[PDB]
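Presented as structure tokens, the chain that follows is alone, the form deposited in one PDB entry.
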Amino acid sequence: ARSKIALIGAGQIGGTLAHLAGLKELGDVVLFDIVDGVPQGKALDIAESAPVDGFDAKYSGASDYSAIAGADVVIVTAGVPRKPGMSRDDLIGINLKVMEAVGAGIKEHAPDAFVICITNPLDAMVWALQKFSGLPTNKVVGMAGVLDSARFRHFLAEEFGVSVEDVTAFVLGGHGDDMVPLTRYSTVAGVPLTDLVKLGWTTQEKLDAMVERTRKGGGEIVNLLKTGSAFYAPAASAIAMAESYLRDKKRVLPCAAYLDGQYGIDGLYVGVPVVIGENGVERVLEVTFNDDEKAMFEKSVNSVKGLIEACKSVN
């Protein structure tokens, strides 16, 4: 009866998720992959690390979905990268097929799980995974906003020369051009960034550049690493979501969540602040937008709609 965490995909993010789940003593971990040996090896390596910090957790790797039976949390990173010669449709086609298999596995073996999707393109993959698995919409979420929040917080803390603990970033929507930052609901110690510009703690230009840097943040890591994308911050972000579920913390975190009318939207996964507790997505915090924000949010949702239409077109 420790909690059981199944990690579907045992690649860069999945290994990191597994390591964090151990260090944080969140429970037992099953790593799943289609590449045999990989999840077993990473599982055993992490298991062998455990006596150094003293965490007691069972680790195992598998390529059969029976291994995930009764998982409390399932975190999905399974899929393929968009190689330079691949279309968007190609990628969606491929990773939709992966979501199909993953959804079937969760449906059969872990129907009571809280599912956190990470696989790109996230706002479509999470939507697809919920549909394929049939799980309740409040029990399937996507990680995206926490990562954007984390990047922006790092840039802010560096700018102001203050602890990351005292910075808050408010972001909705998706990544990149689909991100909807509210600098007025972003703060240092409760003071909004817009007021910090008035105080002269920063400048409008520096603030705008930090917002843009957050939009571009994923690509900035790709451009440095060259062989892959970011994994430490993505994994940390999803573990925060998982921990909030497992420990019923009721964190308020921006995640891709199924909207039943909130923000004027019905039937789509959109990045919004949600309370995560033992019942999954328990409430959506719907803020009041100004005009600039309404228009940014509308673009962002249209982007999601266009990708969902591409999914239906390819499946």
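Each form is matched to the other, and the largest set of C-alpha atoms that superpose within 1.5 Å is called the rigid core. Start at 1 with the first residue shown and count on from there. Only residues modelled in both forms are compared.
The protein also exists as the form deposited in another entry; that form is not presented, and the subsequent description refers to it.
Residue shifts between this form and the one not shown, rigid core superposed: of 218, 192, 136, 81, the only C-alpha displaced by 2 Å or more belongs to 81. A movement of the C-alpha atom of residue 233 falling short of 2 angstroms is seen between this form and the one not shown when the two forms are aligned on their rigid core. A displacement of 2 angstroms or greater separates the C-alpha positions of residue 175 between this form and the one not shown, with the rigid core held in common. Relative to the superposed core, residue 98 undergoes a C-alpha shift smaller than 2 Å between this form and the one not shown.
In the other entry, the CA atoms of residue 88 and residue 310 move apart by 3 angstroms or more relative to this form. In sequence order, 81-91, 175-178 are the runs of at least 3 residues present in both forms whose Cα atoms shift by 2 Å or more between this form and the one not shown once the core is superposed.
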